[PDB]
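# I need the structure of the sequence given here:
(one chain, ligands or ions: 2)
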Amino acid sequence: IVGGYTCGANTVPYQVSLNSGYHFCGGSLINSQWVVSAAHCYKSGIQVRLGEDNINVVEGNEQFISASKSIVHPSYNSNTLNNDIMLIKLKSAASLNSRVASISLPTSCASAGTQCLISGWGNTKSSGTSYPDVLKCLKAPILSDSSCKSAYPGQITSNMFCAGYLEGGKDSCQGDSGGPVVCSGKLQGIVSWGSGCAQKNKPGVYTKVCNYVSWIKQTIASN
Ligand SMILES: N=C(N)c1ccc(CNC(=O)[C@@H]2CCCN2C(=O)CCC2CCCCC2)cc1
Ligand SMILES: [Ca+2]
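Numbering: from 1, shown residues only. Ligands and ions are numbered 1, 2, ... in the order given. The relevant structure is shown in the block below.
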């Protein structure tokens, strides 16, 4: 997260870290058994890390649980990142508590101009590289689809939306991949892609979760 702030420990209790010997993506807890992340975060051998603040220090509220299965959206296209969403099942249910909590799925989408919260452990510099070890937060509005498509012609689909600031300076970035965009208490986006990070007229692009709620609900009920 570029241009954001330190969230504070466990203030984003639905935020998970996916680990395969190291953090490599964010995700969101949607109930005690299931996490939502980006399809581009798919790999085998995932451990889900819940209750994290400093991801390099054991602070006392963590739960580390291996994934039993991963389910990439059946229409994910790795070339365009259309349908960039996947479901991860925990081999054992998480113990839910005030530091380890689920985020609600949308019943409807959110409108442009709605303020959201974006969070993660990704890069904090817009040029170069620095990784934080505590969770970072960013308040960011949903942008109009026309500003989104103008920035990225021919690349935006109806499964994507942009959020952030066209003047630059504040954005998500590498290593925030897969993590949440929460608006009005609902998971509306997943950190997916963008050109650089926090660059002028290059806002972030997020998977449009409200398009996937029926898929999510049917998939978890059958797996
Ligand atoms: N908001 C941002 N600025 C931002 C946030 C997170 C990320 C991380 N995502 C990535 O690195 C993703 C994974 C695969 C290629 N990729 C890219 O962004 C490269 C550009 C992609 C390539 C595929 C189709 C759309 C453009 C990239 C940018
Ligand atoms: Ca920790």
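
# how far away from the center of its chain is the longest helix seen in the chain?
Secondary structure of the chain per DSSP state H: the longest helix is helix 213-221. Here helix 213-221 shows a centroid-to-chain-centroid distance of 18 Å under the convention C-alpha atoms, centre = their mean, to the nearest Å.

# one more: stretch 203-211?
Worked out by C-alpha atoms, centre = their mean, stretch 203-211 lies 9 Å from the chain centre.

# any idea how far apart the tips of it sit?
21 Å (C-alpha to C-alpha, to the nearest Å).

# give me the most central residue, this protein.
residue 179 (1.6 Å; C-alpha atoms, centre = their mean).

# shouldn't it be in contact with residue 172?
Yes: at 7.5 Å, residue 179 counts as touching residue 172 under the criterion of C-beta atoms under 8 Å. To be clear about C-beta, it is placed using only N, CA and C from the backbone, and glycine gets the same treatment.

# intersection of neighbour lists for those two?
Both residue 179 and residue 172 are contacted by 118, 120, 122, 191, under the criterion C-beta atoms under 8 Å, 6 or more residues apart in numbering.

# what about ligand 1: which of those touch it?
Applying C-beta under 6 Å from any ligand atom to the shared contacts of residue 179 and residue 172, one finds that residue 191 fall near ligand 1.

# residues contacting residue 15?
If you count contacts by C-beta under 8 Å, 6+ apart, residue 15 has them with 26-28, 52, 119-120, 135, 179-180.

# may I ask which of those residues has the most neighbours?
Counting neighbours by other C-beta atoms under 10 Å, the top entry in the contacts of residue 15 is residue 179, with 33 neighbours.

# where's it relative to residue 17, distance?
Going from residue 179 to residue 17 by C-beta to C-beta, to the nearest Å gives 9 Å.

# likewise for residue 150?
From residue 150 across to residue 17, the span is 34 Å (C-beta to C-beta).

# between those two, tell me which one has more neighbours.
It is residue 17, of residue 150 and residue 17, that has more neighbours when counted by other C-beta under 10 Å, with 25 against 14.

# my read is that the more buried one contacts residue 53, right?
No: contact criterion C-beta under 8 Å: residue 17 and residue 53 do not qualify, at 10.2 Å.

# also near ligand 2: which of the contacts of residue 15, exactly?
Applying C-beta under 5 Å from the ion, the subset of these adjacent to ligand 2 comprises residue 52.

# for the host helix or strand of residue 140, list the C-alpha coordinates in CSV.
Element membership of residue 140, judged by DSSP states H and E, is strand 136-141. Taking Å, rounded to 0.1, in the frame of the first residue of the first chain, the C-alpha atoms of strand 136-141 are listed here in CSV:
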residue,chain,number,x,y,z
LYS,A,136,-1.1,-0.9,6.0
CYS,A,137,-4.5,0.7,5.2
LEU,A,138,-5.8,3.1,2.5
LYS,A,139,-9.1,4.9,2.2
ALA,A,140,-10.0,5.1,-1.5
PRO,A,141,-13.1,5.9,-3.5
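
# and that strand, how far from the chain's centre?
12 Å.

# and stretch 170-180, by the same measure?
Centre-to-centre, stretch 170-180 and its host chain are 7 Å apart (C-alpha atoms, centre = their mean).

# tell me where this protein has strands.
Here the chain has its strands, by DSSP state E, at 5-6, 15-19, 23-31, 34-37, 47-50, 63-72, 86-90, 115-120, 136-141, 160-163, 180-183, 186-193, 204-208.
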